[PDB]
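These are the residues of each chain, in order.
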Amino acid sequence: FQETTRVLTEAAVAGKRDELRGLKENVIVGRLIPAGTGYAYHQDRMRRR
Amino acid sequence: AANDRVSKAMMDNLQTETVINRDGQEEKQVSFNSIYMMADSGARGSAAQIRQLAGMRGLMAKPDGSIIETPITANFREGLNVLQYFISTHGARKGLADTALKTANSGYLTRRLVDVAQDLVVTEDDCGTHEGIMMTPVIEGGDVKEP
Amino acid sequence: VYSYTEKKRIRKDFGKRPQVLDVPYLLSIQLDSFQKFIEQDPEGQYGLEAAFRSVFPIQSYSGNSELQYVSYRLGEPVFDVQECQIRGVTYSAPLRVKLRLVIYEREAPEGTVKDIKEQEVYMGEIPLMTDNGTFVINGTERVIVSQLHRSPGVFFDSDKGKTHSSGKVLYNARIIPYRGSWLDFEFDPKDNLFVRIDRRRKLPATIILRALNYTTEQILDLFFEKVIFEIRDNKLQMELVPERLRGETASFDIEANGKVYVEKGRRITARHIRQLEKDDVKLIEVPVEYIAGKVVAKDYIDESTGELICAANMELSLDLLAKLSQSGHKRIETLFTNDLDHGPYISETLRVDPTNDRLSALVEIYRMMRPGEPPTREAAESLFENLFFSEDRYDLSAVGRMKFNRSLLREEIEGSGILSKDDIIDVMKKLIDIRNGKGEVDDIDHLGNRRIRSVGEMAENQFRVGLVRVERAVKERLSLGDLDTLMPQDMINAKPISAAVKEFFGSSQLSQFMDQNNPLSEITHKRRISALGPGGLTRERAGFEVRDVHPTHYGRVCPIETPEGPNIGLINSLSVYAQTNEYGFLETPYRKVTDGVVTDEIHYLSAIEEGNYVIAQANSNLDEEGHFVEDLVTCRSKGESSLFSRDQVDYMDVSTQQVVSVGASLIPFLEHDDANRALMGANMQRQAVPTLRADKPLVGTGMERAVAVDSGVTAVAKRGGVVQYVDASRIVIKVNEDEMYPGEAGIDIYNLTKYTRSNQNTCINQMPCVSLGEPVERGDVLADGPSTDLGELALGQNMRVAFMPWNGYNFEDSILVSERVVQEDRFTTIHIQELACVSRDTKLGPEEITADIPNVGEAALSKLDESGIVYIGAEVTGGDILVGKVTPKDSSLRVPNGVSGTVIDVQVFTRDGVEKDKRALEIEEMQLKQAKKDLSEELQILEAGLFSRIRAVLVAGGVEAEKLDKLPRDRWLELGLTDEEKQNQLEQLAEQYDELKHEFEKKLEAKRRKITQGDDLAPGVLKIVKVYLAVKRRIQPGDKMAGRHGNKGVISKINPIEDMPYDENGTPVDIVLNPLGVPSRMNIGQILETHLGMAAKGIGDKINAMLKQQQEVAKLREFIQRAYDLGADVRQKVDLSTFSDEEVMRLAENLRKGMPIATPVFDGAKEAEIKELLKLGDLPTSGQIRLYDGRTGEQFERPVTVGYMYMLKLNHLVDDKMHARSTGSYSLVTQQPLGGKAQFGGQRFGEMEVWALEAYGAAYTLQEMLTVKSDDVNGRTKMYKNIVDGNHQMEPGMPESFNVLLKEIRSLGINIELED
Amino acid sequence: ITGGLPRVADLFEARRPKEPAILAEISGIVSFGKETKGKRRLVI
Amino acid sequence: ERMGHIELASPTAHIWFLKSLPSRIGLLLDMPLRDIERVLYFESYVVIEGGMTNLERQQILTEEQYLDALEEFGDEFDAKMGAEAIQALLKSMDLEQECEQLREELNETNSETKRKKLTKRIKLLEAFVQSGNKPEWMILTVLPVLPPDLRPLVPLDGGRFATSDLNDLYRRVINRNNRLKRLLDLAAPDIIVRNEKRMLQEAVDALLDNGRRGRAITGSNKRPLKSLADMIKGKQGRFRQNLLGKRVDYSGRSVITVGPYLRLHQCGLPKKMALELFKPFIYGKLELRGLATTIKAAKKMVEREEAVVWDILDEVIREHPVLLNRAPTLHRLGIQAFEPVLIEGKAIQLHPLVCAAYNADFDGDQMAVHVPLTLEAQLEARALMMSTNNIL
DNA sequence: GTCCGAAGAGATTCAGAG
DNA sequence: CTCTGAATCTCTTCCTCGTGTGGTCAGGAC
RNA sequence: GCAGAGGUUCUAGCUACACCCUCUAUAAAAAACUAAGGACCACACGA
Ligand SMILES: [Mg+2]
């Protein structure tokens, strides 16, 4: 979105971890988005976990 | 007030210009003037637009917004004087620059909004919560805006 | 009377107003500016010599060596303009300077110089501007654009509402130099004047004042009124001058002369003020608390001991009152404070002022400017006196001083370029008054504060920067003052000057690439007034204010013509008549109005001058007697439209077409259409394309001829005479006797330029519009260039247009052109493409251009010659080979896919050191043959004229019938005359004739070896071959195409001619516009244009009928005369009586296609005039015909408008925008085209596209787009191999761009892991 | 005091206006506790 | 994928923590950012393990103060200078003890400003100790490099191989590191090694983000260098240009026009760009039908656009939706799908009624066209994208 | 052959008042 | 006097696509 | 046809995304065929 340096630094120092579960995150990583025709795929994935 | 009177006269002459022969006596009905057909039908052109086309151009503002004491007497059918055209160009360039900057800021706002609500996805058939919103018709002093 | 050109087609012209000032040279703003740059201008003004004189004097520390400037000469250009455009070299001229190196006598520098020396020293290269107002830098006509920037001079900005979050409008004063540091005086929201040098950290006011060697007493005396108080033996009798009684209340018993005046609980009325003034009082009795609230002015010490009673600006108090009283110091000066009259703004700055003395002020200034290092006294003092007191760093140009003294009411105009302390304190006082209501702020948008820097000034500034770099170098060299060793050439080098000037004219912010596609575009891109550029705004920094048209743009800057989009307003175009001022402001022509009667005297006025004057509108009834019948004639007051009296006016507008640009002066009926659509049309009028055969506008503006003659597109006759020999390539003009040069006269060969690539890849073509034996005069037009017709401007063409919805094909805005347009080749446009190819110094054998290509069949070698270059005129298509370029081990330049068409010309440049190959040999041979042909052509006819000159003396009394034609041709001199010395005169003239042939042959060989020379190129290339593809693009369903009234459309379907709706006569209308684009997009002018075009074509066919079937000259002449005289009060008054009775037939032939109409933009034909013109032809007055349908063959109800709108054809074709990619190139990030989708790259599924896709829920489609269709190279090739097998599977994979991001954000210590 | 796109931007940005109306977070009697010593006081 | 590490001759600060808005180095060391900058850039010393002398472990002193303190205690007092000093201060600090002590004084120091600042610092300390990373790793002693292919030399003309505006940054860092290593090998006087280490730190700053401190360095054409943070942040950064908005294959563009003869689920499509789009589909159909045997033969056949190719193309576009798309798409009705009908000319033809949604204006407007490929994606386009399914 | 504006938003300093 | 607040400086983002025009990118010395 | 080489063409051709045949240390009876490709800023604009 914005202020990539700020958020990246805050995530780094905090040791933050991303549990994607989101539209833009999956878009960046390229997997199915958890909203639409991929919602069933993602619900199955979270069911397996 | 003069502009409003001019608009009313222009309409009352244009929207019934057809005075046709009714098998005998004379009757007048909604005119078939092509401009009025394209305006009244809602095809292209509003009543204010056709008024500023045929009747008065009304008044128009300076850059700040304070309108000129001397309005645009003429219209677009007949000739338009030089000073009147300069006064018109004031508002025309104002709107044009505004619309370009509008597209810029609106694109930015759209990105901001869609990146704040990107992750919200419907994921349950019901939440089972009685809590809601006491939705009512909106009356902000005037009549009902949204029934 | 009319010149011979318009005598063959006299443009029918409306417009009642008799124009008093003809349209000036439209390129004057460029040409005059550059000519001013290249001149020796004294008395300050901008010249190249001026910069020379202001930079060359060099002082040396103990070197005793100085540099003196004498003169500068620009050498003859190395290559002509056309040659430069062919090669690529900059059309320049060497800058030969005659510098003087002088060393004064050692042990006595006060004496003269002991060793002087003069040498014509090189300085660099100055790119000259050709006659057309263009620069040719890298062989491309690269025109400059004049810049409009905030002029130097103090400006008192308002800055309303923004800060303090209170609406309290502070007042900041800004004084911008021309070359220096911006200085800001700003007010604290707490009302404390703050100085801001270079907009840097805020700093209190008095530090600058203290840095001016001031003290607190002096500052307080300069800034405030002093209330005098005296110590008298009765409680220190107070003194109050009654002038300070402006609406103050009386907290005390106002009394004097033993008489009470104002009691408690009252304010002093102005009547009481004048009563006190007439009482002639100075003293008054107030309680001592009143003086306590005052503030002391001057420093006071106890003379009994010498200790400070109280410092300056120290508030009084009871203890301080006692310290004053018991000290015997009878003198008290208090600061007169008042919220209304004189607020105490500097006193609070002193309260805030941390610095005390001048040294501390300098130290603080040095700290804020250069932080960190210890602020040495010498360093700080030098910084201040070099920042605001040195001509070397703070030179306000004469315009800056003029604006400064104007805005500070000082009557002086000229002065030094620096700021005296008086200037600083005056700016302080003016800002304080602005805060105190006296005097008002000024708006930057006002054209009296925005200056115009043309090419000359910007180039001169860049040249001065280069010169200060060079003078630094000269001082560096002069550290070792060698004498009698080096001539005045070695101490300098032309490299810095050349670098600066070349960078400014090439890779620079305003050295724009001229958009050569229409003479209108050529002109309007030179009159462009850009607010961008160095020292100016940006497309993002600009706000709503600067965009909008100020009420002073009237007649100075066109408010209509303006690039829509991001750079709206910033790049407005100069209006028609608005020449630049001497200083740099915008003057506009106005007519002096003596009381009662307007005169013809033209008085150019700047915006500041205009406000004071009263300007009447051009569209008023003067009739050359003035005395506007309208006693309430509309006038322009101080920036406000306000109707005035008849005698109250002082100036009047010059012409009704003054307020618009030339790009908008072309638009007919500009009165009617809205300014939005007018701007759109004037922008899409610069974007036409030169049509195959140009066609005059059936309804123009009469000034298109001016814009077509002033531009360089049309070869104008600089010398009147009779056309001796015309040709499609050259025009030979036989000069008349009156215009002859004294001796060695002859012809004037206007060598036309045939098809040459433009900048926008259009055909710069010239067509001779004359015949063998038709006289031409001065300023005549000979060769119609691109988009010109008989000297007029014909951007597009004109065809029948009917406004009706035709089965939705013209649904929203789309045009529906008939197949008749394409069939008659009406809109075909030549496009010239260029395919460069170079031969580089590759190791183990250079790049050689040979037909010895491997792995190619005879089809590849077909179009190529025996030396690897395609023949001139091969119908090449996509992928075909044109240039060999065998590299050491096949890099053949091939036709990029899509582009097609013939190849017109190949140019083979070559630097010395490599022998030209066979095709290059043939090219050189034909070029030298052409050069010799041209030279011999200008030899033989010139010698014939020279013998005619010599035959004149052999016919001036001594005429010899056979004795003349009995001596050989080379000797028509030695014959029988009556002089007794003419015999020897003729023998020596024959000797001169032999020498003349010698100089002619030497010129021929000079041109030959100019061609034969090795063309120096970029470092590392052997020889460049340039190939010119020449496609033939025409109308197809998708070419953007518009009329002049901003009615932009796109072709929808090439409708068969039968389908087109035909009128009663059966003439099918070629175009069916969409009517519904008129009301909303309010451009009703295009319908007035349509009706007038219909009337014009009615006149055309009316005369065509009586010319098709032969009718005598009398009937046609009377009809043409009546057609011209029908106008109500038209100024043209064309009479056909004076015509030769045979050129009237030529006029009719040029008129049979349609009577060209001219309606000046704001004085066009009214309803009655166009109606009468329609009724003259056998045409309906209503302007609407009954178009029978082309398919149904049934009458259209509601008869529809039919007329000849002048439809352009915009450059935005479709075959250069029809793009599609299956799979092609990829990048380091595996994006396809990355930077430029022109390399057969796919579209960008942009940022908003993924949102618009995931809003549906297209997870599979989105995953496709951003993993397997674009990024996942392994998955991409796997899915390709999958699809070519019928199966349509998919593999997600990892987006390689995400891997790039992973590695990048992992390469900076932030560990990233795809942890599972 | 703007009624266009900046109004929507200001709303969705939750920008407190430069002159915001001040409200009381607790219900009760209004008073001026201090004697406006620097600024006025409101005690509920 | 391969990376390389630059063994810094001395530890150097990480800009993303120094002179940043979060100012992590500020909260962590409880120092002013100004003072941290001063010690790192070698303007002033910072003390470590002062001990008996009055200077504590967290004080900042000038060079004259350094001389005076050296007089106070010759060796027990230590004032390391530069980034090594910050490294040592981070080493000496223990998170857990400091975290619990900060919690202790947070429970008592009720000052609202102090409460906010202490909560910020304690949040940083807790999220930094519970997360598996030590505070020493803020000071990067070993800079890694990008993979060389992610940072290549592009051209061959003019100046042979130009740079990537990052190779020069890494070269500057390497050169400064090499000169510092040479100075440490030659034991140069401390002032010149201070200058060398300071400019090494500045070069590392420019590499990390050219423009976070002072005059952004430039040696190529007087413009700021595209640092690593430049390639990540902003529109031009990877996140937005190259990740969310990847340019796609099987796509095309053309100025669009109106065709009434079309249906609502249809759109015009030039035969040229349709052929250029579905080339893999054409290859597959030709290979199935036997009109060609290899992809070379199919490429030749489609490049000659035989009449056997057109009727095969109209066969493969029987029920294959394509995603029309306008460039300034705002609502999701800005990208629909249609069954494209093969027509002559160079312009996509859009149904009139679906121009109101597109905001199409037919005055030279260009619409991108995209082709779903996988049958799940084509079916998804048919079910959702197609205009007859999103009328509301 | 190889090598030296503007707008806001937030973090951060002054101050001024208890 | 020290802490809620006044200011101060500073940093990030500003439709998204195209057609395109160009301009640009590490030497001499040992 | 998955690690190499050879073959009738045309230096070289072993699935390199890639096109035919042979075998595990040996080179020819054989026609359709071949190359995996490129960055950053300013400007005219256009919707
Ligand atoms: Mg449009």
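Above this text you will find the structure in question.
Throughout what follows, the structure given in this document is the object of discussion.

About the cut-offs
- Residues numbered from 1 in each chain as written, not as in the entry; some residues may be left out.
- Chains lettered and ligands numbered in written order.
- Part of a larger assembly, values for the part shown.
- Heavy atoms only, no water.
- Salt bridge = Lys/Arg side-chain N within 4 Å of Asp/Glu carboxyl O.
- Helix = DSSP H or I, 4+ residues; strand = E, 2+ residues; numbered from the N terminus.
- Buried < 20%, exposed > 50% of the residue type's maximum accessible area, 1.4 Å probe, protein only.
- Near = heavy atom within 4 Å.
- Polar contact = N/O pair within 3.5 Å; in protein donor to acceptor, adjacent residues only side chain to side chain.
- Nonpolar A, V, L, I, M, F, W, Y, C, P; charged D, E, K, R; others polar.
- Patch = residues over 30% accessible without salt bridge, like charges linked within 9 Å, V, L, I, M, F, W, Y side chains within 5 Å.
- Areas by Shrake-Rupley, 256 points an atom, 1.4 Å probe, with all protein chains shown as cover.
- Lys, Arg positive; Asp, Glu negative; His and termini not counted.
- Charge placed at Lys NZ, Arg CZ, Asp CG, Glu CD.
- Contact = heavy atoms within 4.5 Å.
- Buried area = accessible area lost by both parts, 1.4 Å probe.
- Pairing = 2+ DSSP bridges.
- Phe/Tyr/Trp six-rings, centres within 6.5 Å; stacked < 30°, edge-to-face > 60°.

Re the pattern of salt bridges
The final tally for this structure, using the stated rule, is 93 salt bridges over all chains. For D1141 of chain C, the salt bridge identified is with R1117 of chain C, shortest N-O distance 3.2 Å. One end of the pair, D1141 of chain C, is in the loop between α29 (1113-1125) and α30 (1143-1151); the other, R1117 of chain C, is in helix α29, with 24 residues separating them in the sequence. By relative accessible area, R1117 of chain C is classed as buried at 18%. Between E1304 of chain C and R238 of chain E there is a salt bridge whose closest N-O contact spans 3.6 Å. You can see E1304 of chain C sitting in helix α35 (residues 1296-1306) and its partner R238 of chain E sitting in helix α9 (residues 238-244), one on each of two chains. This pair shows no difference in class: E1304 of chain C is buried, exactly as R238 of chain E is. Through salt bridges with shared partners, a single network forms among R9, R11, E704, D789 and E792 of chain C.

Points about the protein's contact with RNA strand H
Among the 34 residues in the neighbourhood of RNA strand H, the closest are listed as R528, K1048 and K1281 of chain C together with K296 and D363 of chain E. In RNA strand H, atoms within 4 Å of the protein come 86% from sugar and phosphate. In the environment of RNA strand H, a sugar or linking oxygen lies 3.0 Å from a nitrogen or oxygen atom belonging to the side chain of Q512 of chain C. Here a phosphate oxygen of RNA strand H sits 3.0 Å away from a polar atom, N or O, in the side chain of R686 of chain C. For the surface near RNA strand H, the secondary-structure elements that each account for two or more residues are α34 (1273-1283) of chain C together with α12 (295-303) of chain E. Sorting elements by how many residues they give to the surface near RNA strand H places α12 of chain E first, with three residues. Here the surface near RNA strand H is composed, by residue class, of six nonpolar, eleven polar and 17 charged.

Side note on the protein's contact with DNA strand G
The environment of DNA strand G is formed by 42 residues, the closest being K1237, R1244 and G1246 of chain C together with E112 and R247 of chain E. In DNA strand G, atoms within 4 Å of the protein come 81% from sugar and phosphate. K1237 of chain C has a polar side-chain atom sitting 2.9 Å from a phosphate oxygen of DNA strand G. A distance of 3.4 Å separates a phosphate oxygen of DNA strand G from a polar backbone atom of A1238 of chain C. For the surface near DNA strand G, the secondary structure elements donating two or more residues are α4 (82-116) of chain B, α32 (1247-1254) of chain C together with α6 (112-129) of chain E. Here the surface near DNA strand G takes five residues from α4 of chain B, the largest share from any one element.

Observations regarding a negative patch on the surface
All names here are of chain E. Taken together, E63, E64, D68, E71 and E72 make up a surface patch of like negative charges. Along the chain, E71 falls in helix α3 (residues 63-72). Its relative accessible area of 66% is what places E71 among the exposed residues.

What to know about the interface of chain E and chain C
Taken residue by residue, the interface counts 91 residues in chain E and 83 residues in chain C. Of the roughly 7,500 Å² buried at the junction of chain E and chain C (both faces included), carbon and sulfur atoms supply 61%. At the boundary of chain E with chain C, the tally comes to four salt bridges. Across the chain E-chain C interface, the total number found is 35 residue pairs in polar contact. Among the residues making up the side of chain E that touches chain C, the classes are represented as 49 nonpolar, 22 polar and 20 charged. With three bridges connecting them, strand β51 (residues 1219-1221) of chain C and strand β5 (residues 251-255) of chain E associate as antiparallel partners.

Side note on helix α3 (residues 47-54) of chain B
For α3 of chain B, every residue scored as buried is listed here: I50, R51, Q52 and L53 of chain B. Elements that come into contact with the buried residues of α3 of chain B comprise α1 (2-14) and α2 (34-40) of chain B.

Overview of the packing of aromatic side chains
Enumeration according to the criterion identifies 25 aromatic pairs over all chains in this entry. Here the aromatic rings of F86 of chain B and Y554 of chain C are separated by 5.2 Å at their centres, their planes lie at 75 degrees, and the arrangement is edge-to-face. Residue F86 of chain B is located in helix α4, and its partner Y554 of chain C is located in the loop between α18 (544-547) and β22 (588-593); the two belong to separate chains. Classification of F86 of chain B by relative accessible area gives buried; the value is 4%. Aromatic pair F52 of chain C and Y72 of chain C: ring centres 5.5 Å apart, planes at 50 degrees, arrangement tilted. Highlighted residues: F52 of chain C in helix α3 (residues 48-55) and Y72 of chain C in strand β3 (residues 72-74), separated in sequence by 20 residues. Of the two residues examined, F52 of chain C and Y72 of chain C, each falls in the buried class. Taken together, the ring pairs in this structure connect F34, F37, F135, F504 and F505 of chain C into an aromatic cluster.

Some words on the interface of chain C and chain B
Between chain C and chain B, the residue contacts involve 48 residues of the former and 38 residues of the latter. Taken over both partners, the interface formed by chain C and chain B buries close to 4,000 Å², and the fraction arising from carbon and sulfur atoms is 65%. Linking chain C with chain B are three salt bridges, by the criterion used here. Measuring nitrogen to oxygen at the nearest pair gives 2.9 Å for the salt bridge that ties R77 of chain B to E1167 of chain C. Taken together, the links from chain C to chain B amount to eleven residue pairs in polar contact. By residue number, the principal contributor to the side of chain C that touches chain B is helix α21 (residues 675-683) of chain C, which donates four residues. Its residues assigned to classes, the side of chain C that touches chain B shows 23 nonpolar, 13 polar and twelve charged.

Comments concerning the pairing of β22 of chain C
Residue and element names in this part refer to chain C. In terms of residue burial, β22 counts as a mostly covered element, since five of its six residues are buried. As paired elements, β22 and strand β23 (residues 598-605) share five bridges and run antiparallel to each other. Opposite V593, over in β23, you have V598 as the bridge partner. Two successive antiparallel strands, β22 and β23, enclose a turn made up of four residues, where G596 displays a positive phi of approximately 90 degrees.

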